[PDB]
Each structure stands twice: as structure tokens, then as C-alpha cells.
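Before any comments, here is the structure.
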Amino acid sequence: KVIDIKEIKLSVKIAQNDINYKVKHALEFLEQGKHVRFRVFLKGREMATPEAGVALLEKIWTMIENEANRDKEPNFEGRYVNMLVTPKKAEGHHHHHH
């Protein structure tokens with residue numbers, strides 16, 4: 001595959017500073033025309049509530065929605081809640097290789 005995708009991980013019990021830092025890189029990779037897969041693993045106690053991961057991911061989406069497109073919704077599947085964002089620089093079609 002020519003499409004390289006970065007899978008950035010987060011946690012329910014995560015610092016906001018860490019989230020902020022991660023969305024920065026997420027945006028930069030999007031600017032490269034790549035995809036970032038946000039995956040969150042429920043630590044243990046919060047594993048009883050999948051919505052915790054969903055809410056975390058939604059916050060991320062809120063932060064980067066300015067330069068990111070939403071590929072799908074965050075959902076709990078395989079003990080990981082994942083959401084994917086497509087770069088807004090997509091559909092260039094001719095915008096590659098100088």
C-alpha cells in the first residue's frame with residue numbers, strides 16, 4: 001500500500017496536554033495527505049462503558065475538525081474504540097509529485 005497511515009493511541013485516563021500535543025501531529029500528517037487512526041484502549045474500570053472512549057475521540061475530532069474530515073464515527077470494537085480522519089487535502093487528483 002502506498003498510503004501510509006499513522007495510528008495514534010490515546011487512553012480514557014489521559015492528560016489534556018498529551019491530547020493537544022497528539023492532535024498537533026495528527027494535523028501535520030493529514031497535511032501530508034495521510035490518515036490518522038485514533039485508537040483508545042479502555043484501561044480497565046472504564047471498560048464497562050464504551051462511551052468513555054467515544055467521548056474521548058469525539059473531543060479529538062472537535063479539536064482537528066478544522067483541517068480534518070471524518071471518515072467514520074468512533075465505536076468500541078475489539079476492546080478499542082477507534083475513529084478515523086481523512087485529510088482535507090484529499091481529492092487533489094493531480095496534486096502529487098513535483
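FYI the Cβ positions are ideal-geometry reconstructions off the backbone, even for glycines, and counts take in every protein chain you see. Only the coordinates and a few stated rules stand behind these numbers; no lab work does.
A compact table of results
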| read-out | value |
| --- | --- |
| Boolean, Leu42 is surrounded by 11 or more Cβ atoms within 10 Å (Cβ to Cβ), hydrophobic (A, V, I, L, M, F, W, C) and under 12 Å from the mean Cα position of the chain (by Cα) | no |
| Within region 12-37, tally of residues that are under 28 Å from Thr49 (Cβ atoms) and touching a residue at least 40 places away in the same chain (Cβ under 8 Å) | 9 |
| Only one of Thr86, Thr62 that is β-branched (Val, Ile, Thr) and loosely packed, with under 12 Cβ neighbours inside 10 Å | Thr62 |
| Of residues in region 1-11 being β-branched (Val, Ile, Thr) and touching a residue at least 12 places away in the same chain (Cβ under 8 Å), the one surrounded by the most Cβ atoms within 10 Å (Cβ to Cβ) | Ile8 |
| Among residues of region 24-50, those that are among the small types (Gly, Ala, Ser) and either under 18 Å from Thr86 (Cβ atoms) or touching a strand residue (DSSP E or B) at 6+ places or on another chain (Cβ under 9 Å) (or both), counted | 2 |
| Criterion (over 16 Å from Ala90 (Cα atoms) and among the hydrophobic types (A, V, I, L, M, F, W, C)) met by exactly one of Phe29, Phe38 | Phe38 |
